[PDB]
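Worksheet for the structure shown next.
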Amino acid sequence: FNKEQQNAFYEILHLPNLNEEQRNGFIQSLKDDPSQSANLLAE
Amino acid sequence: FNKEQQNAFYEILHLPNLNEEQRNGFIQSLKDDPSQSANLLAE
Amino acid sequence: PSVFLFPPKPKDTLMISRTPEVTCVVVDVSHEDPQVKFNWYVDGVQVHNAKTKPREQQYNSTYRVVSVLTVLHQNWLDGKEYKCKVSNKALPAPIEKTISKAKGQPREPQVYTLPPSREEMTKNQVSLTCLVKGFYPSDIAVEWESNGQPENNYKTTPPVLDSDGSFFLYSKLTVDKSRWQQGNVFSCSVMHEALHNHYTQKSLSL
Amino acid sequence: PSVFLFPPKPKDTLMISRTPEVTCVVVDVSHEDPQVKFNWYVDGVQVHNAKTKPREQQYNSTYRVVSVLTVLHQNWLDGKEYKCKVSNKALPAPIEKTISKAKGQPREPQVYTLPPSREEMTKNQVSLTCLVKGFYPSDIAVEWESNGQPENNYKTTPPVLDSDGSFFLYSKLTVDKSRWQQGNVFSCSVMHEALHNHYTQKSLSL
Ligand SMILES: *[C@@H]1O[C@H](CO[C@H]2O[C@H](C)[C@@H](O)[C@@H](O)[C@@H]2O)[C@@H](O[C@@H]2O[C@H](CO)[C@@H](O[C@@H]3O[C@H](CO[C@H]4O[C@H](CO)[C@@H](O)[C@H](O)[C@@H]4O[C@@H]4O[C@H](CO)[C@@H](O[C@@H]5O[C@H](CO)[C@H](O)[C@H](O)[C@H]5O)[C@H](O)[C@H]4NC(C)=O)[C@@H](O)[C@H](O[C@H]4O[C@H](CO)[C@@H](O)[C@H](O)[C@@H]4O[C@@H]4O[C@H](CO)[C@@H](O)[C@H](O)[C@H]4NC(C)=O)[C@@H]3O)[C@H](O)[C@H]2NC(C)=O)[C@H](O)[C@H]1NC(C)=O
Ligand SMILES: *[C@@H]1O[C@H](CO[C@H]2O[C@H](C)[C@@H](O)[C@@H](O)[C@@H]2O)[C@@H](O[C@@H]2O[C@H](CO)[C@@H](O[C@@H]3O[C@H](CO[C@H]4O[C@H](CO)[C@@H](O)[C@H](O)[C@@H]4O[C@@H]4O[C@H](CO)[C@@H](O[C@@H]5O[C@H](CO)[C@H](O)[C@H](O)[C@H]5O)[C@H](O)[C@H]4NC(C)=O)[C@@H](O)[C@H](O[C@H]4O[C@H](CO)[C@@H](O)[C@H](O)[C@@H]4O[C@@H]4O[C@H](CO)[C@@H](O)[C@H](O)[C@H]4NC(C)=O)[C@@H]3O)[C@H](O)[C@H]2NC(C)=O)[C@H](O)[C@H]1NC(C)=O
């Protein structure tokens, strides 16, 4: 814990319509660049 | 629990000078007749 | 085969009204060799029976054999060694097992009773907490009562070792918000060796 | 040989800043047959490595071999099956082991913070209590802070299942009587899946 990296992680994890790969992608880019950690949401 | 059977048990158990057999006797008679449970102490 | 050896229940060694038992549970033994001669020793001495009572069970694909040595309250509290030994012939060596209590020097438990939080009176069931701390050995028994009579509605946590080198626990009585608010008396009743008559009790009232 | 399979630490599956690992600990394997081909499956699919990392240990009189599959937070929280399989030739059958989490439907924990008892202010160390109740699954992580910074002085009880079909725990912060009396802020910080951002915090202040 620290950042909104996780706040962002949480959301993208609980995205109802963010289908599978669509989610996995967002979560992983979000491990890779916490900076970018704010980049969330498709549907 | 119930009675002074145990209150009596406690004491006779914590008798400093009530040597071994001297104690064991008192404790066992005290299981056998809770009625008599009040009969405690030598030394 | 494998020989486990269990202690008497702490309540049962504490209360003279109770009877403490040291249970030697072996699971295996086998057929063609069921002849497991239990051997019971107390401190040094063999106790013959000493009211040892093995009762045969027929399980799994194998046998589950248990002998229960009954203990003098005094002896276990004074920590003798309860040595169980299982014989046979399919078994090259006498499977030996020693129990006794802790060994430390008793420490008297601290029993404080804790009311529900105000944030929890927003629930219509509340929780009553008893903190029992700084005891030794881990061998304790807590129970709850309502007004003067048994409450079956409690959950006790396992003794867990504190920084102190003591043990502690919590016990949580869940009552109805109303049942608390009506200024009804609750109480936690703790039993441990280092207590006044192996017994104490502490009250929670609104 | 015998193959145990452990979960990721709940904190480590909860926090995206952390990395969850499923550890397959086998103790035996033997010499002349060390060739234990670990097989890692996730839901149905084999993961090859999926960054599987067995590191050899040389113990007892035998070998202690462990492979650590790293897990996606998401997958375990969505409960996939983490199936470990150990091969060999001294071993007639592939030793299979499945883990995943609980399976129930998450329940959000109730975090109330409880002050020391007045009878405990007669001690010059007091205790701070956090009750965390009615969660599911048992996979939780509580911690304490002082003013805003880590307190290392705490003991947490294991989650124990309540009447509810929920889990509960207590966590006990022992501070100095003075340290409490000076109106200093304390806080318990609970981490569980069913919390706002997998994280919450509740404060104890005089
Ligand atoms: C063939 O089948 C049988 C039976 O199988 C069942 O299931 C089948 C599917 C079915 O078909 C049937 O066959 C049958 O229904 C298999 O038997 C099982 O065998 C295993 C071992 O292989 C045993 O496991 C051990 O269990 C110990 C704990 O035992 C208690 O709990 C279990 C679970 O509830 C109970 O089953 C058991 O009966 C015990 O309950 C306690 O019993 C005593 C005596 O009755 C109670 O006494 C009280 O006494 C007072 C006296 O005043 C008073 O009278 C009370 O009223 C009495 O109740 C006591 O209260 C009970 N407890 C409770 C809570 O009620 C484990 O401790 C043991 O684990 C230790 O050893 C293993 C092996 O080395 C370690 O791996 C393990 O880590 C641990 O080691 C160390 O132990 C220390 C002590 O615990 C510990 O402090 C230390 O930390 C620890 N070390 C580490 C590193 O952790 C082990 O798990 C099963 O118990 C047994 N099942 C039964 C039903 O008996 C058989 O194997 C199978 N054959 C095969 C498969 O080939
Ligand atoms: C030859 O020697 C070796 C080693 O021996 C030592 O001692 C010698 C004297 C010395 O000379 C040396 O050889 C050496 O120092 C012997 O190996 C031992 O073998 C036994 C089995 O025979 C194993 O016992 C089992 O242990 C399980 C628990 O294991 C954890 O705890 C132990 C004790 O602390 C640790 O040793 C062990 O390493 C485990 O720690 C956990 O490890 C994981 C993985 O690293 C940690 O993972 C975290 O992962 C996250 C990921 O994000 C993160 O990265 C973290 O940082 C990581 O840490 C995890 O955190 C660790 N945990 C902690 C608290 O730190 C027991 O569960 C197991 O018991 C089950 O099975 C037996 C057998 O069936 C049952 O009898 C028993 O009842 C129980 O059954 C059921 O299990 C369920 C799951 O637990 C349970 O829910 C259920 O209730 C239960 N059923 C019942 C009825 O109760 C068993 O006790 C030893 O672990 C192993 N020792 C070592 C050091 O590895 C070898 O046997 C010997 N050969 C011989 C004698 O022939």
(message) Can you return the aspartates and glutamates within cross-link range of residue D:123? Criterion is Cα-Cα under 20 Å, with same-chain partners fewer than 8 residues away left out.
(response) C:108, C:162, C:164, D:176
(request) Could you check the simple spin-label distance between residue D:123 and residue C:78, using points 7 Å along Cα→Cβ, in nm with one decimal? (result) 3.2 nm
(message) So, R0 is 51 Å and r is the distance between the beta-carbons of residue A:4 and residue D:37; what FRET efficiency does that work out to, to 0.05?
(response) 0.75
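For the ranges C:47-57, A:9-19, what's the packing order if you count other beta-carbon atoms within 10 Å of each residue, average per peptide, and put the highest first? Display every interim value, and only then the final one.
On the way: C:47-57: 12.5, A:9-19: 16.1.
Output ranking for C:47-57, A:9-19: A:9-19, C:47-57.
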(request) For the stretch C:1-143, go through all pairs of different Cα atoms, get the mean of 1/r, take its inverse, and jot down that Kirkwood value in Å. (result) 17.9 Å
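Could you work out the mean projected area of the convex hull around the alpha carbons of chain A, in square nanometres to one decimal?
On the way: hull surface 10.5 nm².
Mean projected area of the Cα convex hull: 2.6 nm².
Restricting to chain D, what percent of DSSP beta bridges are antiparallel, rounded to 5? Please report the intermediate quantities before stating the final value.
On the way: 61 of 61 bridges.
Within chain D, antiparallel bridges account for around 100 percent of the total.
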(request) Report the paramagnetic label zone for residue D:96: residues of the stretch D:36-57 whose backbone N is under 16 Å from a point 7 Å from Cα along the Cα-to-Cβ axis. (result) D:38-47
(request) Report relative contact order for chain C in percent, whole number only (criteria: Cα-Cα under 8 Å, sequence separation at least 6). (result) 18 percent
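With the cut-off at 22 Å, tell me which of the pairs C:172/D:177; C:155/C:177; C:155/D:133; C:9/C:177; D:177/D:202; C:37/C:101 have Cα atoms farther apart than that.
Numbers: C:172/D:177 25 Å; C:155/C:177 18 Å; C:155/D:133 12 Å; C:9/C:177 34 Å; D:177/D:202 20 Å; C:37/C:101 25 Å.
With Cα atoms farther than 22 Å apart: C:172/D:177; C:9/C:177; C:37/C:101.
Sort C:71-81, D:148-158 by the packing proxy (mean of other Cβ within 10 Å over each peptide's residues), most packed first.
Working: C:71-81: 18.0, D:148-158: 13.7.
Peptide ranking by packing, descending: C:71-81, D:148-158.
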(request) Give me the distance between the Cα centres of the stretch D:140-183 and the stretch C:108-170, rounded to whole Å. (result) 14 Å
(message) Just to be sure I understand the model, the point goes 7 Å from the Cα along the line to the Cβ. What's the resulting residue D:70 to residue D:184 distance in nm?
(response) 3.9 nm
(request) Give me the angle, in degrees from 0 to 90, between the Cα long axis of helix B:21-32 and the longest principal axis of the Cα atoms of chain B, rounded to the nearest 10. (result) 10 degrees
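First obtain the Kirkwood hydrodynamic radius of the stretch C:13-72 from its Cα pairs, then insert it into the Stokes-Einstein equation at 4 °C and 1.567 mPa s, and state the resulting D in µm² per second as a whole number.
On the way: Rh = 12.9 Å.
Answer, rounded: 101 µm²/s.
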(request) Report, as an integer, the average count of C-beta atoms from other chains found within 10 Å of each Cβ along A:6-13. (result) 5
(request) Run a plain Debye calculation on the protein assembly as shown (Cα atoms as equal point scatterers, no solvent) and give log10 I(q)/I(0) at q = 0.05, 0.08, 0.09, 0.13 Å⁻¹, rounded to two decimals, same order as the q list. (result) -0.28, -0.72, -0.89, -1.32
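In this analysis, Cβ positions are derived from the backbone assuming ideal geometry, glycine residues included, and neighbour counts consider all displayed protein chains. Computed from the coordinates by the stated procedures, all read-outs in this text should not be read as laboratory data.
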